[PDB]
Engineer: 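Encoded as structure tokens, here's the structure I'll be asking about.
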Amino acid sequence: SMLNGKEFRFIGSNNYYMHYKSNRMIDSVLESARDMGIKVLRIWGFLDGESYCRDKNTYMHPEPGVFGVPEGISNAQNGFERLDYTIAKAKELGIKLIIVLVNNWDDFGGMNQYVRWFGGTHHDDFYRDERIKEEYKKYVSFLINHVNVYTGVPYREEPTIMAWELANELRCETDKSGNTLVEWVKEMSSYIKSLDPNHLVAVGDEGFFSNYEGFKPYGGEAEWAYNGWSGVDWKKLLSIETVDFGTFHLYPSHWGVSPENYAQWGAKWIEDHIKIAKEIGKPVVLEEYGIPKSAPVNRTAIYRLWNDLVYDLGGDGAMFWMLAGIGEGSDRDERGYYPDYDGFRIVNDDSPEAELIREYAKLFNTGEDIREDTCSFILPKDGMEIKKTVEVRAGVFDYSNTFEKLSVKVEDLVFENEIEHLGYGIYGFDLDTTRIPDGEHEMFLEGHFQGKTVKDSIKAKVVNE
Ligand SMILES: [Cl-]
Ligand code: NA
């Protein structure tokens with residue numbers, strides 16, 4: 001007995017405003033997901049604290065024991081009604097939802113809002129004070145037992161909900177043994193299963209490791225993500241019997257990785273998580289990943305690599321942060337979309353990232369594997385001004401298993417002998433740009449495969465003077 005008892009694979013995304021925006025905005029996100037082949041959307045199922053609820057004119061958990069709009073307030077939205085609408089519309093369109101129950105971070109209140117309600121002084125009191133645990137349990141029970149006003153079906157019985165997730169990006173830096181979070185996750189996941197035996201439960205953490213033999217970061221960067229600093233012991237969490245699948249997130253630019261290493265670091269992070277998920281024997285989902293648009297790299301090429309690895313290595317899902325749709329009011333940009341406030345937004349438009357997502361959705365959804373051999377510059381980014389020595393990075397995407405060698409041409413120079421494989425199909429070398437005159441130049445990438453050449457080119461402006 002299960003509402004989603006078939007291990008399926010998917011491309012997914014995230015959207016955090018599905019519980020407080022208008023029907024038109026919600027419809028736009030879900031229709032965009034359907035049109036793009038995105039089968040699962042990860043959404044927030046929380047709005048904690050009176051100030052956060054006021055800010056969005058939408059009430060879910062403004063005070064302890066208050067689940068909805070408080071007394072005394074007119075013209076307010078109810079976040080459960082907005083979630084009910086989202087679920088009903090997702091159901092109509094065939095989209096499944098992962099509903100996250102609290103935020104590690106302060107956005108929409110988060111753990112610290114609970115700490116403030118109960119007179120605590122530290123974020124990590126959220127995991128330890130029984131009164132806070134009890135209030136989280138009361139909130140989760142209210143949500144699981146809620147009857148959707150549009151469908152008439154309680155959330156406990158709703159197959160459109162794919163999974164409950166305990167906490168977005170939970171961390172417990174005050175206990176680097178990992179034990180505080182193991183105990184909390186065991187307690188809360190067991191509690192959810194006691195109320196709802198029908199749905200998958202997952203943690204929602206970023207996937208940090210805690211000094212596992214043989215697992216170190218690519219390039220020695222972001223050691224904190226591998227050494228237990230955040231209080232997350234991913235392998236111990238995945239071993240909890242009431243946790244059905246593992247989650248991990250990926251943001252090399254937030255975590256101290258250098259741009260020349262974003263692609264490989266993320267690739268190794270993905271492979272390491274799939275390897276450890278296999279060691280435990282449970283499925284895994286890359287449930288958030290992103291590169292900011294302003295980063296000095298080819299984002300689409302990096303996303304292509306990361307999605308290739310999730311698919312080829314047997315991961316169950318890859319979900320980008322984040323999908324948006326049409327905007328309204330102050331949350332509307334010049335093109336009519338919800339704005340790209342963080343540099344990660346993807347919409348159903350004519351971007352290369354959107355086209356990549358559409359392609360990969362078919363691959364995950366039906367195994368439609370028509371990937372074609374490709375090579376792309378990763379650094380520099382097209383149109384960049386460059387000077388002194390540049391660490392050129394290129395990806396080779398070899399689906400036919402016929403790749404032989406890579407070359408790069410700039411003016412009369414042919415780089416091939418010094419191009420080094422850096423792992424995962426990423427190649428690199430140092431280009432001393434003082435060898436070429438200042439000005440605009442085309443850089444040509446040639447992937448030599450058996451029986452064909454595949455190409456990429458970018459323009460760069462050399463500005464040594
Ligand atoms: Cl934290
Ligand atoms: Na989101």
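Residues take their numbers from the sequence shown, with the count starting at 1.
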Engineer: Verify whether one side chain among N103 and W44 offers a donor that lies under 3.5 Å from an acceptor in the other.
Structural biologist: no
Engineer: Less than 6.0 Å separating the ring centroids of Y226 and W234?
Structural biologist: no
Engineer: Does the pair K137/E134 count as a salt bridge with the N-to-O cut at 4.0 Å?
Structural biologist: no
Engineer: Please name the residue in the list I274, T247, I270, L313 that meets the side-chain contact (heavy atoms from CB on, under 4.5 Å) test with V284.
Structural biologist: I274
Engineer: Does the distance from a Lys or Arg side-chain N to an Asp or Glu carboxylate O, for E391 and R393, drop under 4.0 Å?
Structural biologist: yes
Engineer: Indicate yes or no: does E158 engage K91 in a salt bridge with an N to O separation below 4.0 Å.
Structural biologist: yes
Engineer: Between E241 and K186, does any side-chain N to carboxylate O distance fall below 4.0 Å?
Structural biologist: no
Engineer: Could you tell me whether the side chains of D244 and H199 share a donor-acceptor contact shorter than 3.5 Å?
Structural biologist: no
Engineer: May I ask you to check whether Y289 and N307 show a side-chain donor-acceptor distance below 3.5 Å?
Structural biologist: yes
Engineer: For this output row, return yes or no: ring centroids of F364 and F10 closer than 6.0 angstrom.
Structural biologist: no
Engineer: Less than 4.0 Å between a side-chain N and a carboxylate O, is that true for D333 and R335?
Structural biologist: no
Engineer: Which is it for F403 and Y427 under the ring pair (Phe, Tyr, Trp, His ring centres under 6.0 Å) test, yes or no, and what are the steps along the way?
Structural biologist: CA-CA 13 Å; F403 176 68; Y427 294 80; 5.8 Å; yes
Engineer: Under 6.0 Å between ring centres: does that hold for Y424 and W306?
Structural biologist: no
Engineer: Are side-chain heavy atoms of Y212 and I276 found at a separation under 4.5 Å?
Structural biologist: yes
Engineer: Between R358 and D35, does at least one N-O distance fall below 4.0 Å, as a salt bridge requires?
Structural biologist: no
Engineer: Sorted by first residue and then second, give each salt bridge (charged side-chain N to carboxylate O under 4.0 Å, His left out) pair with at least one member in residues 253-265; sequence neighbours left out.
Structural biologist: none
Engineer: Provide the closest heavy-atom pair for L93 versus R34 in the form atom of the first, atom of the second, distance.
Structural biologist: CD2-NH1, 3.5 Å
Engineer: Check whether the ring centres of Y136 and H61 lie less than 6.0 Å apart, and answer yes or no.
Structural biologist: no
Engineer: For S189 and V201, work out which heavy atoms get closest and say how close.
Structural biologist: CB-CG1, 3.8 Å
Engineer: Between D48 and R116, does any side-chain N to carboxylate O distance fall below 4.0 Å?
Structural biologist: no
Engineer: Per the salt bridge (charged side-chain N to carboxylate O under 4.0 Å, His left out) rule, what does the pair list look like for residues 209-231, sequence neighbours excluded?
Structural biologist: none
Engineer: For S376 and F397, work out which heavy atoms get closest and say how close.
Structural biologist: OG-CE1, 4.0 Å
Engineer: Could you tell me whether the side chains of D308 and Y360 share a donor-acceptor contact shorter than 3.5 Å?
Structural biologist: yes
Engineer: Are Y59 and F80 an aromatic pair, judged by ring center distance below 6.0 Å?
Structural biologist: no
Engineer: Using the side-chain contact (heavy atoms from CB on, under 4.5 Å) rule, pick out the option among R171, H254, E288 that qualifies with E206.
Structural biologist: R171
